[PDB]
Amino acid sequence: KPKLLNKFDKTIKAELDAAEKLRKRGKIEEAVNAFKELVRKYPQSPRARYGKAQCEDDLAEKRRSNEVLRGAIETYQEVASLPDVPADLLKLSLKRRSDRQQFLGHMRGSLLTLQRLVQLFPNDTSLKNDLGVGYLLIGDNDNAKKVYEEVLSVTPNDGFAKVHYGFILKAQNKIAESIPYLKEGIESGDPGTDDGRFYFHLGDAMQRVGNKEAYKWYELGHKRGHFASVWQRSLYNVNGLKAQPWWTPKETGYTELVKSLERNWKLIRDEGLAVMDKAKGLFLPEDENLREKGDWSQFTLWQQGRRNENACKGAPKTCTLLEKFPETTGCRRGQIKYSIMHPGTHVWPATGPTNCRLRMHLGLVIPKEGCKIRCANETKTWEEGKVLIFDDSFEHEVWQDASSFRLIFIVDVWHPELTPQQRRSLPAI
């Protein structure tokens, strides 16, 4: 039972209980007024101030209002600014502040709250774990790694710290090293470890080192509801979408797009080659640690449904052609990009992040031998001026062992069963 009342708040516990009763009975408007009255009457009261914040929080949920929730976030801070705040209340108030900041996407704000929490409570390992998450959410992997190293130095069997440390190691390409942390962390069963991200990356790391137990973890991640299937391991999904590794144009319904790509393929090719020849810096190396070896770069025209204007200067006719197809130019969970791969390249088996897109590949310069792509259990080759269509949320793998370069054009489309409102509302990836 948390101790939320300081000495003075115990003397007004009756008033505080009455207001909290209104709030828990669901009479949130009355509760807000009751706690506002307690705050004006007892301006230093931490329990009254916390009640005001919790009422605003509840109101925000009732109205699904981010504005009301921002109000609550400020009142939770006010609580911590008052005199003589009981430790349990201080911790609850600032924790909920950080949690609602994260819910709103204020990740830098959440991080600052979490840093303050760890200063105020230096022996709370769970708060350190939460701080590490804060760092991860702003992209500060170096500081996250230090936090989890500290956690493990004091509580070496903490499963949450183990899985997050392994995640960080894996992301740094420390594949072998990451495996024991990911595995031990998932096996710990500790809260926060039963997370698709850790199954996904444990299996990927094992595949990379040749350890055959990878699909054991894929099956268990499936059994625990993280993956639609053992083959399809995307983690940002709309459930229910038709799932198959390979699609025909008519199955997708995007027949006009496929026809435009194939009928105009030489123009698309020639713009890509001109960029290779005189603007090669527009092609950026693949930067998601997906390769075993080899050279692979991409020249991106659209990402997250936004045209790259400078890029489109390099492929102006191709970009004009594509503007007629919002199913791709507005695909905020895919890209439109040229992709060049050179001999000696092997892309590790891997999965895209979302089942909400399908990926078209138009062949532009395809050596007669040496290039192929596997998706799930079917392996195919490209052809110049022909489109292949696969669902990259299924595990897929690519090889380039020709004697010259291989150029394709990649056009992501919205999964065809997604409705217009889904296409408008789904968070971009």
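For every residue, the number given is its place in the sequence shown, counted from 1.
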**Fill in**
Avg C-alpha B-factor, entry values, 396-404 vs 32-40, higher side is 32-40
**Request:** Would you mind comparing 150-158 and 331-339 for me and telling me which has the higher average C-alpha temperature factor in the entry?
**Result:** 150-158
**Among 114, 276, 312, 186 - the residue whose C-alpha B-factor is largest in the record** = 186
**Request:** Among the candidates 198, 283, 215, 302, give the one with the maximum CA B-factor reported in the record.
**Result:** 215
**Fill in**
Of the three thirds of the chain ranked by Cα temperature factor, residue 126 occupies the middle
**Request:** Place residue 270 in the lowest, middle or highest third of its chain's C-alpha B-factors, as listed in the PDB entry.
**Result:** lowest
**Message:** Ranking every modelled residue in this chain by its Cα temperature factor as given in the entry, which third contains residue 375?
**Reply:** middle
**Chain thirds of CA B-factor: placement of residue 175** = middle
**Asked** Would the CA B-factor of residue 85 place it in the lowest, middle or highest third of its chain?
**Response** lowest
